[PDB]
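Okay, here we've got a single chain as structure tokens, the form deposited in one PDB entry, with questions on binding and movement later.
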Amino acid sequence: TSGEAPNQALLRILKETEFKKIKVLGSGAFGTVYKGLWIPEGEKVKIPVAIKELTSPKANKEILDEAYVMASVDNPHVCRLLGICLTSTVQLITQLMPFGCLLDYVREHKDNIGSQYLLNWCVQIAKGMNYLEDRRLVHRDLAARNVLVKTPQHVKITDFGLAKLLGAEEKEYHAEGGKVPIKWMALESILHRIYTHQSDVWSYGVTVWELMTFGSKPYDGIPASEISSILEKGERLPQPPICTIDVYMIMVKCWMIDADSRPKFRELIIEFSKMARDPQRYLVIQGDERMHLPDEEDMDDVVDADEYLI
């Protein structure tokens, strides 16, 4: 009948014996993440990987939903699923992002982050979000904590546990009850549980505010049950001190009540790319012009996953 295109994505199932040097990397609401070495047999390659797990049939169902979404994405600024491992519990395997999430990175390196890096990150995140929109994918959980740092010059979008695939001709996603990041959601999402690419645009604006404040908590101290009425009165996140009106105006446009009046991700790319050409004209950072950002036996055959294809 009618519908979409066949999702001919490949789901790689990896043997447990192909993973070495598994060390814990962090745990939390996302589950627990390990780091390790994926060594495909017959291939003189060692690939640094991260391994994620939430053994309930509930958890296995949700982790497979995320695998489906990630196996269908291929973009330099979106985390790529290398495969799944079918052991006691189902694990996801992805490229190792050695610098962690961007929220922790900007907090740790506040005094060595310049306008060039900040505006470049805004370009890359908008490029990934625009790609997800091209695949008719609403992320529904865009935040600085869900952006990972491959290198200081290269970031990728992660965590697709809330992501939904909009059908053709379908414009919105009507969610149900469940814990949702209220301080990153558009008002129509908080009020009516409606999510679109334009509601992701709202979350993009909050994510940019996170970076421009070097990792400040949005509405710090406000209970989540108050965010709805505060947004309805017209209140928004304040202008960060390093932000010119040019950059802050872009954030304010992401928080418009009219979802169609918010900028498109393809437009966020264009605007931030212009500003990244003259970064000190749009971000005012103390000492910006004087800032720098960056095993052994494995080294010989270590290859990053971005250079390991099929």
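Start at 1 with the first residue shown and count on from there. Superpose the two forms; the largest set of C-alphas matching within 1.5 Å is the rigid core.
- At least a third of the other compared entries skip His292 while keeping the residues on either side.
- Going from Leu54 to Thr55, the model skips 1 to 3 deposited residues, which lack coordinates.
- According to the PDB entry, the deposited sequence contains 10 or more residues between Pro294 and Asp295 that lack coordinates.
- Taking only CA atoms, the mean B-factor in the PDB entry is higher for 191-199 than for the other of 124-132 and 191-199.
- Of the two stretches examined, 142-150 and 108-116, the record assigns the greater average C-alpha temperature factor to 108-116.
- Note on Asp258, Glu43, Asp65, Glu271: the highest value goes to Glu43, judged by CA B factor as recorded.
- When the C-alpha B factors of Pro76, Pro98, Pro181, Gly215 are read from the deposited coordinates, the top value falls at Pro181.
- Annotation for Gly205: CA B-factor lies in the lowest third of the chain's modelled residues.
- In this PDB entry, the Cα temperature factor of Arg281 sits in the middle third of its chain's modelled residues.
- Among the modelled residues of the chain, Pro241 sits in the middle third by CA temperature factor in this PDB entry.
- Ranked against the other modelled residues of its chain, the C-alpha B-factor of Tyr248 as given in the entry falls in the lowest third.
- Among the modelled residues of the chain, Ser72 sits in the middle third by CA temperature factor in this PDB entry.
Quick note: we don't show the form deposited in another entry, though the next part is all about it.
- Shift analysis on the rigid core between the shown form and the other one singles out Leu64 from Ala259, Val252, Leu64, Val284 (C-alpha displacement of 2 Å or more).
- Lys274 is not among the residues whose C-alpha shifts by 2 Å or more between the shown form and the other one once the rigid core is aligned; its shift stays under 2 Å.
- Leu86 is among the residues whose C-alpha shifts by 2 Å or more between the shown form and the other one once the rigid core is aligned.
- Once both forms are fitted on their rigid core, the CA atom of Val33 lies 2 Å or more apart between the shown form and the other one.
- Relative to this form, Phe30 and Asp104 separate from one another in that other deposited form, with their C-alpha atoms ending up at least 3 Å farther apart.
- Relative to what is shown, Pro152 and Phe30 are farther apart in that other deposited form; their C-alpha atoms differ in spacing by at least 3 Å.
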